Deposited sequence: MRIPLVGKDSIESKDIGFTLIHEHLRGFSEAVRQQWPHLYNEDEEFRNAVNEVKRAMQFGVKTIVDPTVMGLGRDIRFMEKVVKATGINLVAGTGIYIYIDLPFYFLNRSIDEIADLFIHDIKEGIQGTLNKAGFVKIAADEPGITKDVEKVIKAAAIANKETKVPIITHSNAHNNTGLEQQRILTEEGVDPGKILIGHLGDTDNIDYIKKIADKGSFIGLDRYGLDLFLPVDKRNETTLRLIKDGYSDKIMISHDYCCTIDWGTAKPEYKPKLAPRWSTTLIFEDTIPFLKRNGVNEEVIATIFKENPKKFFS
């Protein structure tokens, strides 16, 4: 029992099985949903989430990792309801998703105070439940590594040091934020193999992608050009660093498009198993 699951007992990382490493059941701006609820329909969101999870399970998915955190409208009680309706293994996370500055709350607060929020979610539970976080999610984009973005990165490293949970990032595939995320985390003492640098499948600069993977971190490739890059990377022997996902105010695309395209281009079932079973296993090990 190493990985916490929403609405279930924890499981050993070795029993995670076929895993979708980056799927959002739902996403929204906390402030907009609180202030203008007329814009949203939770019943439709629920139905859509249940349907997508069921579709994934029909293709043999055992575990889904949902990296929705602050900024994207994480709601543990919604997640519970989805689990009860499907029986899926669902890993929730903690963290903060920002591109520029932190909410006003964080004005004049230390990196340690931010880290304590993450550790609270990991050790005590999320949003007043006993459902605990199994990873930390962070982001950077076009604005680059700002002061507040760097605070969040360093907070994530502190959380990892204390709890050992892995770190997932969102980066911009065109401005080296991904490489900077990796460097800052590793300088703080994070094991590179406990980092997934995501949203890279958007670039064709395979050298940039290979550089990240070479430094020991997983690369998130989350169409023909995207599949082309994916295949390119596979044939170059980067299967064991590749993690594929689909990633608001589908899941079948992997099974209806990506994997079919791969297999009819050589890649066997041992490669598919590596990307979807072995890679997640190591990440959470």
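When the deposited sequence is numbered from 1, the segments without any C-alpha atom are 223-231, 257-260, 263-278.
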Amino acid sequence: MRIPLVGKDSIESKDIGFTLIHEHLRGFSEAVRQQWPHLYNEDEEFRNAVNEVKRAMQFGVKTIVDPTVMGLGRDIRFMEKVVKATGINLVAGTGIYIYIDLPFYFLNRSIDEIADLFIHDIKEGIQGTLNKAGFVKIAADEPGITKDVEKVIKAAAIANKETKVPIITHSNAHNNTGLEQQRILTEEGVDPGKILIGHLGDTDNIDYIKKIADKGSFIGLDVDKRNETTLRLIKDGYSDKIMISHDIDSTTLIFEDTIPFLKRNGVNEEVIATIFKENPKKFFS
From here on, numbers count along this sequence of modelled residues.
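The mean Cα B-factor in the deposited entry runs higher for 238-246 than for the other of 238-246 and 49-57. 143-151 and 195-203 differ in mean CA B-factor, and the higher of the two is recorded for 195-203.
Looking at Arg77, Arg74, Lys215, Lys123, the one whose CA carries the top B-factor in the deposited record is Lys215. In the PDB entry, a CA B factor belonging to the lowest third of its chain's modelled residues is recorded for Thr68.
Looking at the C-alpha B-factors along this chain, the one for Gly220 belongs to the middle third. In this PDB entry, the Cα temperature factor of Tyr40 sits in the middle third of its chain's modelled residues.
In this PDB entry, the Cα temperature factor of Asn175 sits in the top third of its chain's modelled residues, the highest group. Among the modelled residues of its chain, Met1 has a C-alpha B-factor that falls in the highest third according to the deposited record.
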